[PDB]
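Numbering (UniProt numbering), first residue to last: 179 to 192, 197 to 355. Quick reminder that beta carbons are idealized off the backbone N, C-alpha and C, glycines included. Have a look at the structure below, then the notes.
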DNA sequence: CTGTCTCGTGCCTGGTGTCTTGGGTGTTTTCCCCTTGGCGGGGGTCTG
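Written as structure tokens, this is what we have:
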């Protein structure tokens, strides 16, 4: 804080709409902060960084976990973000239902009303996954797909099955 | 009084996950190759 104050005392600072710090990502793997912009999102990592325009997004999927304790937030990309010799077709995020948050936008009330048409507010609070879903919806306009009318025998909304030498969850959307 | 189990941080390190690479192996992709696509004079032969 002292260094920041010393910097501000000499600089003339004039941005991101909202910044989520450290969100459990599964594809790619690791903790990544997410900065929101009017036309894209900056996925900042401890080493690698990516920038996904909203024009590249195709679908947003919000799925529950088999144990009913976690939430999967999937973003379908196009073109896929590239990293050396690998291309990711989906951005997967993992959240916990008991992981709340309180966010405040970097905009004013009237500007938010004009931009998001009242879909968002200057200050919000609620579950982390709910907040991310609401923000991404208000940004992309695409509706977030949710599980259908399927309910497995174990009461879960998916089936545990293998695929390409790897276990995982299959959701009938 | 009292101290042992528990919650809640710091700290760090070592253990998880996955790019990246190499080998095995089936499959397309071109080029090459093989199969294919007017007039007359006679003669004899058959039928009645």
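Check: Taking the continuous beta strand (DSSP E) assigned at residue 208, which residues delimit it?
Finding: 201 to 209
Notebook entry, point to check: Should the segment 301 to 311 be regarded as contacting the segment 218 to 237, the criterion being three or more beta carbon pairs within less than 8 Å?
Noted result: no
Item checked: Beta-bridge partners of residue 266, as assigned by DSSP -> Answer by DSSP bridge pairing: none, since residue 266 is not bridged.
Check: For the segment 227 to 241 against the segment 317 to 328, are there 3 or more C-beta pairs whose distance is under 8 Å?
Finding: yes
Next item on the list: For residue 318, name the three-state secondary structure that DSSP assigns.
Entry: helix
Note to self: With distance defined between alpha-carbon atoms, name the residue in 250, 312, 310, 265 nearest to residue 334.
What the structure shows: 250
Notebook entry, point to check: Taking the alpha-carbon positions, what's the residue 295 to residue 198 distance?
Noted result: 17 Å
Checklist line | the segment 254 to 267 contacting the segment 279 to 287, beta-carbon criterion three pairs below 8 Å | finding: no
Note to self: Judging by CA-CA distance, which residue of 202, 225, 201 is the nearest neighbour of residue 211?
What the structure shows: 225
Check: What's the gap between the Cα of residue 200 and the Cα of residue 313?
Finding: 11 Å
Note to self: Rounded to the nearest angstrom, what separates residue 348 and residue 205 at their Cα positions?
What the structure shows: 23 Å
Item checked: Cα-Cα separation between residue 189 and residue 182, rounded to whole angstroms -> 10 Å
Checklist line | Segments of 4+ residues assigned as alpha helix (DSSP H) that fall wholly inside the segment 276 to 332 | finding: 291 to 298, 310 to 322
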